[PDB]
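Sequence order for the protein chains is A and A'. A prime marks a further copy of an entry chain. Residues 9 to 201 (the entry's author numbering) make up the first sequence, in order. Residues 9 to 201 (the entry's author numbering) make up the second sequence, in order. Every residue gets a Cβ at the ideal spot worked out from N, C-alpha and C, and that includes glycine. Let me begin by presenting the structure, written as structure tokens, before commenting on it.
Number of protein chains: 2
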Amino acid sequence: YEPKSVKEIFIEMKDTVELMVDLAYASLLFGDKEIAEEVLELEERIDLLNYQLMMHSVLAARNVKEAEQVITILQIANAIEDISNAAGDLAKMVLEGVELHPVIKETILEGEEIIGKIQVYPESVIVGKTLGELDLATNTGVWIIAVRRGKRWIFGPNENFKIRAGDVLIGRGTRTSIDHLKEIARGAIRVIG
Amino acid sequence: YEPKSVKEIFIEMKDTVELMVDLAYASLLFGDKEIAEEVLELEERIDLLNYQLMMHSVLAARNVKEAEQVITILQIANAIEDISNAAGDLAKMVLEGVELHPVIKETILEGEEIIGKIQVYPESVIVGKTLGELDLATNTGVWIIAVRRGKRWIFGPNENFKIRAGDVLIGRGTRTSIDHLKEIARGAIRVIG
Ligand SMILES: [K+]
Ligand SMILES: [K+]
Ligand SMILES: [K+]
Ligand SMILES: [K+]
Numbered sequence: 009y010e011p012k013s014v015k016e017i018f019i020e021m022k023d024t025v026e027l028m029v030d031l032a033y034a035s036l037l038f039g040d041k042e043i044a045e046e047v048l049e050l051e052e053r054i055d056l057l058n059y060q061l062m063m064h065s066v067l068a069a070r071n072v073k074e075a076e077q078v079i080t081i082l083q084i085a086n087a088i089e090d091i092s093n094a095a096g097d098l099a100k101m102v103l104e105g106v107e108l109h110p111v112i113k114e115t116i117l118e119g120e121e122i123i124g125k126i127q128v129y130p131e132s133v134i135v136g137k138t139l140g141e142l143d144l145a146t147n148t149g150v151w152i153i154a155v156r157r158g159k160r161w162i163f164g165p166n167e168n169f170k171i172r173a174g175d176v177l178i179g180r181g182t183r184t185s186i187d188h189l190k191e192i193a194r195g196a197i198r199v200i201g
Numbered sequence: 009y010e011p012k013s014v015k016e017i018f019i020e021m022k023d024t025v026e027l028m029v030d031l032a033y034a035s036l037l038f039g040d041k042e043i044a045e046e047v048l049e050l051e052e053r054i055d056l057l058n059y060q061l062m063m064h065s066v067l068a069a070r071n072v073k074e075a076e077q078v079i080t081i082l083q084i085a086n087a088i089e090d091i092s093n094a095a096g097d098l099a100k101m102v103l104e105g106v107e108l109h110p111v112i113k114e115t116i117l118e119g120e121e122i123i124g125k126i127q128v129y130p131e132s133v134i135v136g137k138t139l140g141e142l143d144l145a146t147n148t149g150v151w152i153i154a155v156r157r158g159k160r161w162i163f164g165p166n167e168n169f170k171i172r173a174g175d176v177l178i179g180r181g182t183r184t185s186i187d188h189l190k191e192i193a194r195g196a197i198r199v200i201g
């Protein structure tokens, strides 16, 4: 069983907690319980990652100096853990079926950074391309945090994920970026970058 | 004194806490105490905003139904507050001069989403343009969270902020997006979008 490094564990924690906050907001925006449940499942992966980060960290330190540096890692993971649980608190609200004040969804759609639902049409130039090749974050400023494909959800999709007509992309980015990607997705704009 | 709405207060809280997390990571990456101090100052603005959100919220509810909806707002603000304090915990570490384990900066530079320092040269096409007109988030995928201009920091700059040669932009985005913006900033790529 090949050994993982502290860094790769740390990186997954950081990447994961950020995905969780995005999905938490998405679950509130669309009042979607499945997205919310994904957030709680990720919250457990965070706890697991944190445990491994601690195991690795602890064993790594053998002298005072090393110990002090290992502690800085644990402190940041602790802060990450707090952000994780906060995201979990947001998801719980959706899972409880609570009736949300209307300003909540509006706020999510009107902040500097929003969550948007993007329908992919048959004639769009992104149909048949992987996220890896499209690399939407880089090329559009829109970060794809999930895709609804029929009755299934693909959360935090790879660079290997290939887009199909009918897919519904859940993206994060500025309003303008989102509206832009929609036109592309609609096929109205037959060019990316 | 014109009345603010719950939404605008809520929006500033959400926008602000996100800026705080970005700056927290930036203060760790560059071991920069001034950025870290900005994070603690923002943490106070969050508390203030939260207080106002509570005042407004409380007064708004007059019946059981309204009260239940107002509570959903307070619950989310509470989660935001937890993310705020977590960001503050990260900044405290930098302010304490703690010696960071090397994996920390590497992790910030190697995650899915990174923090990058971008030098603007005299010959770059963005010199003399406002963020509003460049709207880098939309047009490049790079989110500018701050600018170091000489001996001064401008945090969370407006759409009215005009870029100058010599400015050092602090951006958030994918590695590829960041490297791209650097070429533009270098003037090597005389075209944006
Ligand atoms: K040890
Ligand atoms: K805590
Ligand atoms: K009342
Ligand atoms: K707490």
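- prompt: Using Cβ-Cβ distances below 7 Å, what residues of the region 97-116 of chain A are close to chain A'?
  reply: Flagged, chain order: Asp-97, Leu-98, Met-101, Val-106, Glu-107, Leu-108, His-109, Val-111, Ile-112, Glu-114, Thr-115.
task: Going by CA-CA distance only, name the one from A:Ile-134, A:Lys-100, A:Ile-112, A:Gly-105 that's closest to A:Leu-50.
output: Nearest option by C-alpha distance: A:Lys-100.
task: Tell me whether A:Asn-93 counts as near ligand 2, meaning its Cβ is closer than 8 Å to at least one heavy atom of that ligand.
output: Correct: A:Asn-93 has its Cβ closer than 8 Å to ligand 2.
query: For A':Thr-138, which residues does DSSP report across the bridge?
result: A':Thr-138 pairs with A':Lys-170.
- prompt: Pick out every residue whose C-beta is nearer than 6 Å to a heavy atom of ligand 3: which are they, in chain order?
  reply: In chain order, the residues positioned with their C-beta nearer than 6 Å to some heavy atom of ligand 3 are A':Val-66, A':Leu-67, A':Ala-69, A':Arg-70.
field: Exposure label - A':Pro-165; buried when at least 16 CB within 10 Å
entry: Burial of A':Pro-165 is indicated by the presence of at least 16 other C-beta atoms within 10 angstroms of its C-beta.
- request: Verify the contact flag: A:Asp-55, CB atom, against every heavy atom of ligand 2, threshold strictly below 8 Å.
  value: No, ligand 2 has no heavy atom inside 8 Å of this Cβ.
- request: Please indicate yes or no: does the CB of A':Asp-90 lie closer than 8 Å to some heavy atom of ligand 2?
  value: In this structure, A':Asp-90 has its CB closer than 8 Å to one or more heavy atoms of ligand 2.
- prompt: Can you give the beta carbon distance from A':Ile-186 to A':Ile-122, rounded, assuming they're within the 8 Å contact cut?
  reply: About 6 Å separates the CB atoms of A':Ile-186 and A':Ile-122; that is less than 8 Å, so the two are in contact.
query: Which value, in whole angstroms, describes the spacing of the CA atoms of A':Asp-97 and A':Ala-193?
result: C-alpha separation (whole angstroms): 33 Å.
- prompt: Hey, out of A:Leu-144, A:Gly-149, A:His-109, whose CA is closest to A:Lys-170's CA?
  reply: If we check each option's Cα against that of A:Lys-170, A:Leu-144 comes out closest.
message: Please list, in chain order, the chain A' residues whose beta carbon lies closer than 7 Å to that of A:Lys-15.
response: Correct list: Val-111, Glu-114, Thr-115.
message: Just checking: is the beta-carbon of A':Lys-22 within a distance shorter than 9 Å of some beta-carbon in chain A?
response: At a cut-off of 9 Å between beta carbons, A':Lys-22 contacts chain A.
task: Could you check the C-alpha separation between A':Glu-104 and A':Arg-160 for me, to the nearest Å?
output: Just so you know, the alpha carbons of A':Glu-104 and A':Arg-160 end up roughly 22 Å apart.
query: For A:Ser-13 versus A':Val-111, is the C-beta distance shorter than 9 Å?
result: Contact flag set, yes.
query: A:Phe-18 and A:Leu-67: beta carbons closer than 9 Å?
result: It is not a contact, given that the beta carbons lie outside the stated cut-off.
- prompt: What is the DSSP secondary structure of A':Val-72, counted as helix, strand or coil?
  reply: In this structure, DSSP gives A':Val-72 a helical state, which the three-state scheme calls helix.
Straight-line gap, A':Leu-36 to A:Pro-130 (C-alpha atoms, nearest Å): Between the alpha carbons of A':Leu-36 and A:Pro-130 lies a distance of about 45 Å.
query: Which chain A residues sit within Cβ distance under 8 Å of A':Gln-127?
result: What A':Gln-127 touches in chain A: nothing, since even the nearest Cβ is about 20 Å away.
task: Compile a chain-ordered list of the residues in the region 135-154 of chain A whose CB is closer than 9 Å to at least one CB of chain A'.
output: The region 135-154 of chain A vs chain A', Cβ under 9 Å: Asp-143, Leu-144, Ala-145, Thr-146, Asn-147, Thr-148, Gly-149, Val-150, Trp-151.
- request: List in chain order: all unbroken alpha helix (DSSP H) runs of 4+ residues lying wholly within the region 87-154 of chain A'.
  value: You should have 110-118, 139-142, 144-148.
message: Classify A:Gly-124: buried if its beta carbon has 16 or more other beta carbons within 10 angstroms, exposed otherwise.
response: Answer is buried; the Cβ neighbour count reaches 16.
- prompt: If you check the beta carbons only, do A':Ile-178 and A':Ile-197 fall under 9 Å apart?
  reply: No.
- prompt: Does the distance from the CB of A':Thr-146 to the CB of A:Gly-149 come in under 9 Å?
  reply: Yes, Cβ-Cβ distance for A':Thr-146 and A:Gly-149 is below 9 Å.
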